[PDB]
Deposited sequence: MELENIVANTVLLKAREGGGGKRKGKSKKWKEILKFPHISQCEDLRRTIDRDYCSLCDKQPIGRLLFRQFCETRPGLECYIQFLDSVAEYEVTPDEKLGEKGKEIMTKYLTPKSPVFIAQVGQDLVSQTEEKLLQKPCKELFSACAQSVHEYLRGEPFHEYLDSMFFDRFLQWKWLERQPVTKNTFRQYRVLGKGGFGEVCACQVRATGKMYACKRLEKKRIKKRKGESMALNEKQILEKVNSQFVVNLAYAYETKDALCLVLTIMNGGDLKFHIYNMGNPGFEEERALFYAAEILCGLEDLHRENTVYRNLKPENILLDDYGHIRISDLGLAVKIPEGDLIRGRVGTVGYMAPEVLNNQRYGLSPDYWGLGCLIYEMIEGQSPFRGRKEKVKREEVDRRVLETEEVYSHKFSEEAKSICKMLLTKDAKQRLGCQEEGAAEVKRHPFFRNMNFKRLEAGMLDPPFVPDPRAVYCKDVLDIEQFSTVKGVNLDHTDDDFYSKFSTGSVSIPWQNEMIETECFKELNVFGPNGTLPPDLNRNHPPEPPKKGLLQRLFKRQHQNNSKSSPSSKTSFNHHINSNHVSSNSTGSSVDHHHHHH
């Protein structure tokens, strides 16, 4: 439901308005041609207007398919790529990969196939595009078109930008609404934080901590920040909407009490990927519990509620007795200095709870006081059942190792050590990260599962506006980019991109 005049709101400015952008946007190849969704498409569209560059984009696409191809189908896919792109007589032959690299990857196919067989070549491809072609694109109309899209992206985000609908629950420091962008019609979840309730509790730094952590991480398995803006009496965080219900609901109301191992495997795998993306920013979630794992319309999960998350200064540890009773790792209960390790304890708690239908330290039918739950977490050894395979028992107690130094994933290798565990022996994480694995459960779309100045300065740092990557993804999902990104007939400069007549 895009506003009747959405084409006027997203109307491209004249290229002459973007001059200040042209000389401030850093010209990084990976940023303008890969990370940024709309730049990526534009550069790919530039290469589509040249004969020599065309085959280089097609080859990268086919290598992407190779990586997610099933194992038994890998030798077949590999041969096709070579006969098509790496044959000297092919019409779309890749040339910058020297003859001493096509004759090399030929041997990898003469042997067993690996999912990274073409990773060597693909890099040689990007090394060529980073050079001449990238600098030609920079002086093409497609980059001028990119500058226009950036100009729109940086437009101020007000309250008429959105359209509030309902209250999707609530929590502390505010409530969560469901909002829609009038111009594109995309649904988000607005996290409205009462302005006067923040100053009173004196928790200003905790509000920026969450906003800054959300905008810096872009993961398929963590709620993504798309906008942040101030308003009268509230500060808002526009986040990914999740209509599939939380994991606590599905463990207890909709599962046995619990799930099958294979089903928990899927959710555990996605949660482990979420945590890995956070850890790449040396950030700890510290708040793993079933009700913070939400499900979307398709059955995939995202971590939510980064309010207790913090960015660890690299090479340093932190202190903080924070979390929920029963989901706090020993180092946290003891108020020790820890790193990322609480998040791998929490992953243990979830795999266990998913499979058994109760916490590993408190029964579903047990009346127990907090202190006894903490004692257990610190001293007692959890017990497993026939619901767990030996592999499942292993990863759970490895992750529930009370000594954070001996705990799985709490080493130099990190999440990779956990993905290698026999528990995920049958989980192809590459196909998972690409969304190609069907979720186990699919929700139904119809279900129901005061005038100071120091405060002014605190708002400017928070109300940064739209987030770059999520905003561009919004333009693409709603097909606003497909509709507005129109050039002139037969490779002609459209009026907006021609400096002769504004």
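Gaps in the model relative to the deposited sequence occur at 1-24, 474-489, 543-598, listed in sequence order.
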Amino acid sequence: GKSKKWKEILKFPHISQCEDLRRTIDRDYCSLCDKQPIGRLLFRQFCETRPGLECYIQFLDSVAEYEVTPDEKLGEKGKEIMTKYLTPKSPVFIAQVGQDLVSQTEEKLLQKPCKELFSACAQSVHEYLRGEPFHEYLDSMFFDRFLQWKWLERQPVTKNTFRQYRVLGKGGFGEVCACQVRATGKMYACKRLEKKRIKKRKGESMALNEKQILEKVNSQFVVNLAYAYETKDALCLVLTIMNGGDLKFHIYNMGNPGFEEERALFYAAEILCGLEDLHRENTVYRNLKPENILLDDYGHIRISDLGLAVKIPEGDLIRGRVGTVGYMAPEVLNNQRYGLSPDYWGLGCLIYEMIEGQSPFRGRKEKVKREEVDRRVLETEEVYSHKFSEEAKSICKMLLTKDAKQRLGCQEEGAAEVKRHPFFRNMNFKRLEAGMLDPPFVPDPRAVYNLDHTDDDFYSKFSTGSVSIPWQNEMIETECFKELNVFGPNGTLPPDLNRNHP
From here on, numbers count along this sequence of modelled residues.
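Under this definition, the rigid core comprises the largest set of C-alpha atoms superposing within 1.5 Å between the forms.
Superposing each structure in 6 other deposited structures of this protein on the rigid core shows that the farther-lying of 231-239 and 267-275, by root-mean-square Cα distance, is 231-239. Modelled in this chain, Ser468 is likewise built in all the other compared entries whose models extend past it on both sides, so a third of them omitting it does not occur. When the other compared entries with both flanking residues are checked, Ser31 is modelled in all of them, not unmodelled in a third.
Looking at mean Cα B-factors across 453-461 and 52-60, the upper value is held by 453-461. Set 347-355 against 237-245 and average the Cα temperature factors; 237-245 ends up higher. Taking the deposited Cα B-factors for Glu390, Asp305, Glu262, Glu116, the highest one is held by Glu116.
Taking only the listed residues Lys367, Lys186, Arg425, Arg145, the entry reports the highest CA temperature factor at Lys367. Split the chain's modelled residues into thirds by C-alpha temperature factor. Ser385 is in the lowest one. Remark: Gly435 belongs to the lowest third of its chain, ranked by C-alpha B-factor as recorded. Among all modelled residues in this chain, the alpha-carbon of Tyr85 has a temperature factor (C-alpha) in the highest third. When all modelled residues of the chain are sorted by CA temperature factor, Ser394 is found within the lowest third. Annotation for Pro494: C-alpha temperature factor in the middle third relative to the rest of the modelled chain, per the entry.
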